[PDB]
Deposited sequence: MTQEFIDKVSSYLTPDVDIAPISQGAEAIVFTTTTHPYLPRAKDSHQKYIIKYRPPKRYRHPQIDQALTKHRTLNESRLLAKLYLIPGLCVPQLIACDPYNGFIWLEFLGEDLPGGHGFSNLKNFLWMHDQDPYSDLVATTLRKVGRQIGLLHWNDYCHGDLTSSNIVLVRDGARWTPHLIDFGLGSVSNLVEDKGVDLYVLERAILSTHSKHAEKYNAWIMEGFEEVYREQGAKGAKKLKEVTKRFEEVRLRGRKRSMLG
């Protein structure tokens, strides 16, 4: 049905394997335009959506920002709703699953007090800090939309899924982004969830504190709003 239309559009020349449905996401080993064997990666992502324009424009803008880690936009057909992206991440060892932040955290949840975990989570906060410092919002900042890319014995957090992203200098948008992640991390009910969030916020704050006095002021603004959002996020008798 959706698989029919997609395989017909791509032709039998392009192998596809569905990985998520709803707006379907596939992987493929076929590069959309480099001659075979002239590409540089084992596989790619194809996102099909019968948001396409939005995610593509934002990926392009964010790549140009020093330090921001996002998937490469490889190809865009806005007429049919296809975008091809760099495939980020890998399978964690021992069947712990695809290397998103959620799965990484679950895998280390029994013994999270390591340089690896703390440093990795601070790096997650750095990405969000860079994003917000530059007046962009993610719009769906869950632990599934943060992908860890292996770098030797280290992990390098990347942000994915910018379908709901936006340009915004509003601290309200920034606060809600942070709150969505905070709640997603808390959602596991892990005894360590609060610590994870604290490490993330340390990374976020460092980015702002690197921007002198102006950074310190903007950070105070964001953190103030974030606390208001937390307050407004839980039941209160009005």
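Counting the deposited sequence from 1, the stretches lacking C-alpha coordinates are 1-3, 26-27, 56-71, 260-261.
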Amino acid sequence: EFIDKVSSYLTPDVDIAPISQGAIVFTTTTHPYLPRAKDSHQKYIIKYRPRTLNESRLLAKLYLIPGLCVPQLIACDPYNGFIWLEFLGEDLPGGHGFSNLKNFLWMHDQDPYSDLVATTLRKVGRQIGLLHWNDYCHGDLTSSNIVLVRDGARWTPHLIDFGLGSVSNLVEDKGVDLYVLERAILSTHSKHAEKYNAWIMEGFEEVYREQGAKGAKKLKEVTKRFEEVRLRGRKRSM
From here on, numbers count along this sequence of modelled residues.
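In the other compared entries of this protein that model both flanking residues, residue 67 has coordinates in every one, well short of a third left out. For residue 206, the fraction of other compared entries lacking coordinates, among those that model flanking residues, is zero, nowhere near a third. When the C-alpha B-factors of 72-80 and 162-170 are averaged, 162-170 comes out higher. Stretches compared: 53-61, 204-212. Higher mean C-alpha B-factor in the entry: 204-212. Of the candidates 147, 85, 105, 153, the one whose C-alpha carries the top B factor in the deposited record is 153. When the modelled residues of the chain are ordered by their C-alpha B factor, residue 141 lands in the middle third. When all modelled residues of the chain are sorted by CA temperature factor, residue 116 is found within the highest third. The deposited CA B-factor of residue 17 belongs to the middle third of values across its chain. In the PDB entry, residue 188 places in the highest third of its chain by CA B-factor. Ranked by Cα temperature factor within the chain, residue 40 sits in the highest third according to the deposited record.
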